[PDB]
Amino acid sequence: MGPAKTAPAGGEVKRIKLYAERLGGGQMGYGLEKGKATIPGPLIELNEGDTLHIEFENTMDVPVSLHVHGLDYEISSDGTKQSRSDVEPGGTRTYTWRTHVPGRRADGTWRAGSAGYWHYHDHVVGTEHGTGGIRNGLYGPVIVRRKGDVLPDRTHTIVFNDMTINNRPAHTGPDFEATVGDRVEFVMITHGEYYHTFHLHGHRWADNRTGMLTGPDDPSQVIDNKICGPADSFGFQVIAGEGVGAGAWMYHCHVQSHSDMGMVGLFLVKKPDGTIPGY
């Protein structure tokens, strides 16, 4: 275990493509290429100061939109019908997201930077709030890193969408694998009608911007359990198995009927030899 890799300064202009596609069984998803849509959608990362142009195409037969949390966008990128920012069937649009660093305002106040654990999702499918689109799966993680932020080995996204994790059948996970000592990042997003409490066995994080204590000064409560509600996003990083060891470490919503009905997954933490004790 050596010194942490950290995020560099941003400010570069970046470009991707995104498609909205019908998937099997009435689901809909975002993808970086036609035929490539996933639920959750592709993870988008940026460094504070980066600009992102998303060349967007709706391949479906209903209007769809891309709406993002926390980042800078003009009203023309709001991704709503009210702002005439949605996309007709077979149409395209360029959505532009911007980000900025923190800094002293001319009025003496300190302007918060864009950095955080955020998300994007449809605002027009089935209702003008994207209720149907979100149900069907159009949602995905966005991470904006501040310069100096600690980088993980792997990032995993867990979305509680109504009664499902990542729109999966009950009791299907997903499961994520790590090796003891790995620095693992989780993005935790909630959607739909219901409140949840996210819980992770054998690990804990700080309730704050990065999910990690900035040092001894940081008062933030340290927690393994966090209540969340539709459109909430937070994130954190743990050292897999730290002080605990290898094992199949459950994560799950802690609402009792929710865990019983199956919103449950495994953080599978292997010994260096690839074996998991007691699993």
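Note that residue numbering follows the sequence shown and begins at 1.
Asker: Quick one: higher average CA temperature factor, 170-178 or 110-118?
Answerer: Looking at the recorded C-alpha B-factors, 170-178 comes out higher on average.
Asker: Report the stretch with the higher mean CA temperature factor, choosing between 22-30 and 220-228 on the basis of the entry.
Answerer: Stretch with the greater average CA B-factor: 22-30.
Asker: Quick one: which of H196, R154, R209, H191 has the biggest Cα B-factor according to the entry?
Answerer: Spelled out: the listed residue with the top C-alpha B-factor is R154.
Asker: In terms of the CA temperature factor given in the entry, to which third of its chain does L66 belong: lowest, middle or highest?
Answerer: CA B-factor rank for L66: lowest third.
Asker: Considering only modelled residues of the same chain, in which third does the CA B-factor of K36 rank: lowest, middle or highest?
Answerer: Highest third - that is where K36 ends up once the chain's C-alpha B-factors are sorted.
Asker: Could you say whether, by C-alpha temperature factor, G49 belongs to the lowest, middle or highest third of its chain?
Answerer: Ranked within chain, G49 CA B lands in the middle tercile.
Asker: Among the modelled residues of its chain, does the C-alpha B-factor of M261 lie in the lowest, middle or highest third?
Answerer: Lowest third - that is where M261 ends up once the chain's C-alpha B-factors are sorted.
Asker: Of the three thirds of its chain by CA temperature factor, lowest, middle or highest, which one includes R204?
Answerer: Its C-alpha B-factor, which the entry lists for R204, ranks in the lowest third among residues of this chain.
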